[PDB]
Amino acid sequence: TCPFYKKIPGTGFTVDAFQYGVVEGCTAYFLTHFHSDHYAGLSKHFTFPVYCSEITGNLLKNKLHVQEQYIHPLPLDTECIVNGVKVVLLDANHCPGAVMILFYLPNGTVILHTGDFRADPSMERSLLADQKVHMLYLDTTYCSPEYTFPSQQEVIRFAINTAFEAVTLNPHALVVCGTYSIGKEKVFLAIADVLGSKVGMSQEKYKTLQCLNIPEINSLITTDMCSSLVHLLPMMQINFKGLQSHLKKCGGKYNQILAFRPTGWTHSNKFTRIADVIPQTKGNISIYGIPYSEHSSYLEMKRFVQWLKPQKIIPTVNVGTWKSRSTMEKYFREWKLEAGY
Ligand code: NI
């Protein structure tokens, strides 16, 4: 059944709750972003109102074939009324189209649902600064102190410098980047830019990217693989067998592959820095795992919460085990005792 952490008290609203059939008492279904564990269940046969960002709306229309009459896009940073309740969509610094939602309940309670987010100090100067938030529905993906990772900027600097050096030493090397969802487009776009190439990809992935309102996108991507030396492939194909196979497909235009796997966290983060990352190599193929995260590190998450000072925190990730739930509640109490709220 729909879990309690997907329901907004005092409204008939749910958030990211499309896989339970008709939820008894739901008048509006919000969708924070276009990731499959969040949209799971949506299709052309859905006949209830969906509220979301413009970009998420483009993906629902073009990729899932949801009918236009049920898609309700809202602009960001704007007070809107939905079924008698004031709401605001805020940028979540996750993937394109991703939002946090502020609900202003008729009784005076204010609720923030973060969706999936990567907490940033810039959020401390949005509309959130303007009033008190009583309850917080929090992305707790990485809520443990072992989870450190570098800035997105640092990681893109490393990837750009690595690719540029490799291709300048060998003009017949191909760069491949893995993907299985929207998000992390900066990785392949930044590399293609330094090399003076467009990025080449399947027709399905090009269609997905043309939904995202990225400026000058027609100048940056293409379905012609031959004219491009940055290829995108399914994450599944980013291994030696898949990459050897792919190189055969290119008709001897290339003799070397340098590949990137933008992972979340991996336990080499606890020891190693970004400057010291090394690839796995077999033959003329090298594969780099780079820690490009679109979720809060532990310290980023802690700072945001200690700034916001909520009265109650509801986790939305890692909620399925008693050990995980108990651990998270310990951190929340530490944070509150240290900061004094
Ligand atoms: Ni997500």
# chains A, B, ... in the order shown; residues from 1 in each chain; ligands from 1

$ residues_near_ligand --ligand "ligand 1" --cutoff "12 Å" --atoms "only C-alpha atoms and all ligand atoms" --output "number ranges by chain"
A: 16, 31-39, 92-100, 114-118, 139-141, 180-184, 264, 293-296, 316-317

$ write_last_selection --atoms "C-alpha atoms" --output "tab-separated table (two decimals), in the first residue's frame"
chain	number	residue	atom	x	y	z
A	16	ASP	CA	6.02	10.20	-6.29
A	31	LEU	CA	6.01	14.07	-9.54
A	32	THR	CA	9.38	15.59	-8.34
A	33	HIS	CA	11.50	14.39	-11.34
A	34	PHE	CA	11.75	11.96	-14.25
A	35	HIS	CA	13.60	9.00	-12.62
A	36	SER	CA	12.01	5.57	-12.99
A	37	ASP	CA	11.69	4.63	-9.18
A	38	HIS	CA	9.75	7.95	-8.83
A	39	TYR	CA	7.47	7.82	-11.98
A	92	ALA	CA	16.40	20.58	-6.37
A	93	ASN	CA	20.02	20.62	-7.95
A	94	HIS	CA	19.47	16.92	-8.92
A	95	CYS	CA	18.73	16.12	-12.66
A	96	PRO	CA	17.05	18.37	-15.30
A	97	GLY	CA	13.50	19.21	-14.33
A	98	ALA	CA	13.95	18.11	-10.63
A	99	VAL	CA	12.12	20.05	-7.96
A	100	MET	CA	11.52	20.37	-4.20
A	114	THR	CA	12.93	17.71	-1.11
A	115	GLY	CA	12.34	15.00	-3.73
A	116	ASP	CA	15.88	13.88	-4.69
A	117	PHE	CA	18.34	16.85	-4.11
A	118	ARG	CA	21.95	17.81	-3.72
A	139	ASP	CA	16.37	12.69	0.60
A	140	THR	CA	18.57	10.62	3.00
A	141	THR	CA	20.38	8.63	0.26
A	180	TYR	CA	20.87	4.90	-17.90
A	181	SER	CA	18.69	7.86	-17.05
A	182	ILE	CA	18.62	11.64	-17.29
A	183	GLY	CA	21.18	13.48	-15.06
A	184	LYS	CA	24.90	14.11	-15.17
A	264	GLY	CA	27.41	7.56	-7.20
A	293	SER	CA	26.98	12.86	-7.42
A	294	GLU	CA	23.51	14.42	-7.86
A	295	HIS	CA	22.67	13.71	-4.19
A	296	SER	CA	23.82	15.53	-0.92
A	316	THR	CA	12.25	9.12	2.13
A	317	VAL	CA	15.31	6.94	1.42

$ residues_around --residues "residue A:135" --least-positions-apart "4" --cutoff "7 Å" --atoms "only C-alpha atoms" --output "VMD selection string"
chain A and resid 110 to 112 310 to 313

$ closest_residue --among "A:319, A:308, A:156, A:26" --to "residue A:125" --atoms "only C-alpha atoms"
A:308

$ residues_around --residues "stretch 143-150 of chain A" --least-positions-apart "2" --cutoff "8 Å" --atoms "only C-alpha atoms" --output "ChimeraX atom specification"
/A:140-141,152,154-155,265,269-270,274,291-293,297-299,301,328

$ select_by_dssp --residues "stretch 85-246 of chain A" --states "alpha helix (DSSP H)" --output "PyMOL selection string"
chain A and resi 152-169+185-195+203-210+240-246

$ write_last_selection --atoms "C-alpha atoms" --output "tab-separated table (two decimals), in the first residue's frame"
chain	number	residue	atom	x	y	z
A	152	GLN	CA	30.77	18.63	-9.26
A	153	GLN	CA	33.19	21.33	-10.52
A	154	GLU	CA	36.26	19.35	-9.36
A	155	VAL	CA	35.06	16.18	-11.00
A	156	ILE	CA	34.34	17.91	-14.36
A	157	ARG	CA	37.80	19.57	-14.24
A	158	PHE	CA	39.38	16.09	-13.86
A	159	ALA	CA	37.34	14.55	-16.68
A	160	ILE	CA	38.01	17.42	-19.16
A	161	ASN	CA	41.83	17.38	-18.48
A	162	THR	CA	42.00	13.53	-18.75
A	163	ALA	CA	40.08	13.39	-22.07
A	164	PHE	CA	41.94	16.36	-23.67
A	165	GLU	CA	45.35	14.86	-22.78
A	166	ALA	CA	44.42	11.36	-24.07
A	167	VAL	CA	42.99	12.48	-27.40
A	168	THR	CA	45.82	15.02	-27.99
A	169	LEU	CA	48.43	12.24	-27.46
A	185	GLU	CA	24.74	15.62	-18.75
A	186	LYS	CA	27.67	18.01	-17.73
A	187	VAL	CA	30.06	15.01	-17.88
A	188	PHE	CA	29.64	14.19	-21.61
A	189	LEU	CA	28.88	17.79	-22.68
A	190	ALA	CA	32.02	19.24	-21.00
A	191	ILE	CA	34.22	16.56	-22.57
A	192	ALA	CA	32.68	17.01	-26.09
A	193	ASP	CA	33.19	20.79	-25.79
A	194	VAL	CA	36.96	20.58	-25.03
A	195	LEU	CA	37.38	18.15	-27.99
A	203	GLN	CA	17.79	7.99	-31.49
A	204	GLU	CA	16.00	7.21	-28.12
A	205	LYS	CA	18.59	9.09	-26.06
A	206	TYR	CA	18.65	12.08	-28.46
A	207	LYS	CA	14.85	12.34	-28.15
A	208	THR	CA	15.20	12.37	-24.28
A	209	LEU	CA	17.82	15.11	-24.41
A	210	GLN	CA	15.71	17.29	-26.79
A	240	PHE	CA	35.72	-4.50	-21.51
A	241	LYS	CA	33.50	-6.96	-23.52
A	242	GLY	CA	30.93	-4.28	-24.37
A	243	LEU	CA	33.62	-1.75	-25.26
A	244	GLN	CA	35.68	-4.19	-27.42
A	245	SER	CA	32.43	-5.00	-29.21
A	246	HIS	CA	31.69	-1.30	-29.74

$ select_by_dssp --residues "stretch 214-322 of chain A" --states "strand (DSSP E or B)" --output "JSON list (two decimals) with N, CA and C atoms, in the first residue's frame"
[["chain", "number", "residue", "atom", "x", "y", "z"],
["A", 221, "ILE", "N", 24.75, 18.03, -29.68],
["A", 221, "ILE", "CA", 24.45, 16.60, -29.79],
["A", 221, "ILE", "C", 24.04, 16.14, -31.19],
["A", 222, "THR", "N", 24.10, 14.83, -31.46],
["A", 222, "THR", "CA", 23.80, 14.31, -32.79],
["A", 222, "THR", "C", 23.53, 12.85, -32.76],
["A", 230, "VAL", "N", 32.91, 11.62, -29.27],
["A", 230, "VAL", "CA", 32.38, 11.28, -27.92],
["A", 230, "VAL", "C", 31.09, 10.48, -28.12],
["A", 231, "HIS", "N", 31.10, 9.18, -27.82],
["A", 231, "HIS", "CA", 29.88, 8.34, -27.87],
["A", 231, "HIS", "C", 29.25, 8.12, -26.48],
["A", 232, "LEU", "N", 27.91, 8.17, -26.43],
["A", 232, "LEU", "CA", 27.12, 7.73, -25.27],
["A", 232, "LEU", "C", 26.59, 6.33, -25.48],
["A", 233, "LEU", "N", 26.78, 5.46, -24.50],
["A", 233, "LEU", "CA", 26.19, 4.13, -24.53],
["A", 233, "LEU", "C", 25.44, 3.82, -23.25],
["A", 234, "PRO", "N", 24.53, 2.82, -23.29],
["A", 234, "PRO", "CA", 24.00, 2.31, -22.07],
["A", 234, "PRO", "C", 25.07, 1.97, -21.02],
["A", 256, "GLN", "N", 41.74, 2.91, -29.78],
["A", 256, "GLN", "CA", 41.89, 3.06, -28.32],
["A", 256, "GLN", "C", 40.55, 3.64, -27.82],
["A", 257, "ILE", "N", 40.10, 3.18, -26.65],
["A", 257, "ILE", "CA", 38.89, 3.73, -25.95],
["A", 257, "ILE", "C", 39.25, 4.18, -24.54],
["A", 258, "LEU", "N", 38.80, 5.41, -24.22],
["A", 258, "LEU", "CA", 38.85, 5.95, -22.93],
["A", 258, "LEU", "C", 37.37, 6.16, -22.52],
["A", 259, "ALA", "N", 36.93, 5.44, -21.52],
["A", 259, "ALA", "CA", 35.53, 5.43, -21.03],
["A", 259, "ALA", "C", 35.38, 5.97, -19.60],
["A", 260, "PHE", "N", 34.24, 6.69, -19.38],
["A", 260, "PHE", "CA", 33.83, 7.18, -18.06],
["A", 260, "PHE", "C", 32.52, 6.52, -17.59],
["A", 261, "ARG", "N", 32.53, 6.04, -16.33],
["A", 261, "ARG", "CA", 31.37, 5.53, -15.60],
["A", 261, "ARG", "C", 31.09, 6.47, -14.43],
["A", 262, "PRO", "N", 30.10, 7.40, -14.59],
["A", 262, "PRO", "CA", 29.85, 8.34, -13.50],
["A", 262, "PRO", "C", 29.02, 7.54, -12.51],
["A", 263, "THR", "N", 29.64, 7.15, -11.42],
["A", 263, "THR", "CA", 28.98, 6.33, -10.42],
["A", 263, "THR", "C", 28.41, 7.32, -9.41],
["A", 280, "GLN", "N", 40.77, 1.26, -14.71],
["A", 280, "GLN", "CA", 41.00, -0.17, -15.00],
["A", 280, "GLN", "C", 41.33, -0.28, -16.50],
["A", 281, "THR", "N", 42.42, -0.97, -16.83],
["A", 281, "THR", "CA", 42.87, -1.06, -18.23],
["A", 281, "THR", "C", 43.03, -2.52, -18.67],
["A", 282, "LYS", "N", 42.53, -2.84, -19.86],
["A", 282, "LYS", "CA", 42.82, -4.10, -20.53],
["A", 282, "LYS", "C", 43.10, -3.75, -21.96],
["A", 285, "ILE", "N", 41.92, -0.43, -23.94],
["A", 285, "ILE", "CA", 40.67, 0.07, -23.32],
["A", 285, "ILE", "C", 40.95, 0.48, -21.88],
["A", 286, "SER", "N", 40.61, 1.74, -21.50],
["A", 286, "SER", "CA", 40.69, 2.16, -20.11],
["A", 286, "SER", "C", 39.31, 2.71, -19.67],
["A", 287, "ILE", "N", 38.91, 2.36, -18.43],
["A", 287, "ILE", "CA", 37.59, 2.72, -17.84],
["A", 287, "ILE", "C", 37.83, 3.42, -16.51],
["A", 288, "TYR", "N", 37.32, 4.66, -16.41],
["A", 288, "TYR", "CA", 37.43, 5.47, -15.26],
["A", 288, "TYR", "C", 36.07, 5.52, -14.56],
["A", 289, "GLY", "N", 36.06, 5.24, -13.28],
["A", 289, "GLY", "CA", 34.86, 5.48, -12.42],
["A", 289, "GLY", "C", 35.06, 6.85, -11.81],
["A", 290, "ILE", "N", 34.18, 7.82, -12.10],
["A", 290, "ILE", "CA", 34.32, 9.16, -11.52],
["A", 290, "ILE", "C", 33.11, 9.45, -10.57],
["A", 291, "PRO", "N", 33.38, 9.93, -9.35],
["A", 291, "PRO", "CA", 32.34, 10.16, -8.36],
["A", 291, "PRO", "C", 31.56, 11.51, -8.53],
["A", 312, "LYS", "N", 10.21, 18.45, 12.65],
["A", 312, "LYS", "CA", 10.15, 17.03, 12.43],
["A", 312, "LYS", "C", 10.75, 16.68, 11.04],
["A", 313, "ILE", "N", 11.52, 15.57, 11.00],
["A", 313, "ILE", "CA", 12.16, 15.07, 9.78],
["A", 313, "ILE", "C", 11.54, 13.68, 9.49],
["A", 314, "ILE", "N", 11.10, 13.52, 8.24],
["A", 314, "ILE", "CA", 10.61, 12.27, 7.66],
["A", 314, "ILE", "C", 11.56, 11.81, 6.55],
["A", 315, "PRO", "N", 12.37, 10.77, 6.82],
["A", 315, "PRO", "CA", 13.16, 10.23, 5.68],
["A", 315, "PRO", "C", 12.37, 9.64, 4.54]]

$ residues_around --residues "stretch 74-85 of chain A" --least-positions-apart "5" --cutoff "9 Å" --atoms "only C-alpha atoms" --output "PyMOL selection string"
chain A and resi 11-12+27-28+51-54+90-91+99+103-106+126-127

$ closest_residue --among "A:309, A:275, A:200, A:176" --to "residue A:238" --atoms "only C-alpha atoms"
A:176

$ atom_distance --atom1 "atom CA of residue A:302" --atom2 "atom CA of residue A:151"
16.0 Å

$ residues_around --residues "residue A:305" --least-positions-apart "5" --cutoff "9 Å" --atoms "only C-alpha atoms" --output "list in words"
residues 136, 300, 310, 332, 335 and 336 of chain A

$ write_last_selection --atoms "N, CA and C atoms" --output "PDB file, in the first residue's frame"
ATOM      1  N   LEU A 136       9.914  18.334   7.279  1.00  0.00           N
ATOM      2  CA  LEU A 136      10.867  18.165   6.184  1.00  0.00           C
ATOM      3  C   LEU A 136      10.819  16.671   5.727  1.00  0.00           C
ATOM      4  N   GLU A 300      26.874  18.098   3.389  1.00  0.00           N
ATOM      5  CA  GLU A 300      25.948  19.030   2.661  1.00  0.00           C
ATOM      6  C   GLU A 300      24.545  18.924   3.224  1.00  0.00           C
ATOM      7  N   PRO A 310      14.141  22.302  11.012  1.00  0.00           N
ATOM      8  CA  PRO A 310      12.776  21.752  11.032  1.00  0.00           C
ATOM      9  C   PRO A 310      12.369  21.196  12.402  1.00  0.00           C
ATOM     10  N   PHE A 332      19.956  12.720  13.165  1.00  0.00           N
ATOM     11  CA  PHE A 332      19.065  13.872  13.265  1.00  0.00           C
ATOM     12  C   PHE A 332      19.140  14.507  14.709  1.00  0.00           C
ATOM     13  N   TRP A 335      22.382  16.418  15.252  1.00  0.00           N
ATOM     14  CA  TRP A 335      22.373  17.696  14.543  1.00  0.00           C
ATOM     15  C   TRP A 335      21.600  18.738  15.318  1.00  0.00           C
ATOM     16  N   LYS A 336      20.475  18.306  15.820  1.00  0.00           N
ATOM     17  CA  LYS A 336      19.574  19.199  16.567  1.00  0.00           C
ATOM     18  C   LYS A 336      20.219  19.618  17.907  1.00  0.00           C
TER      19      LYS A 336
END
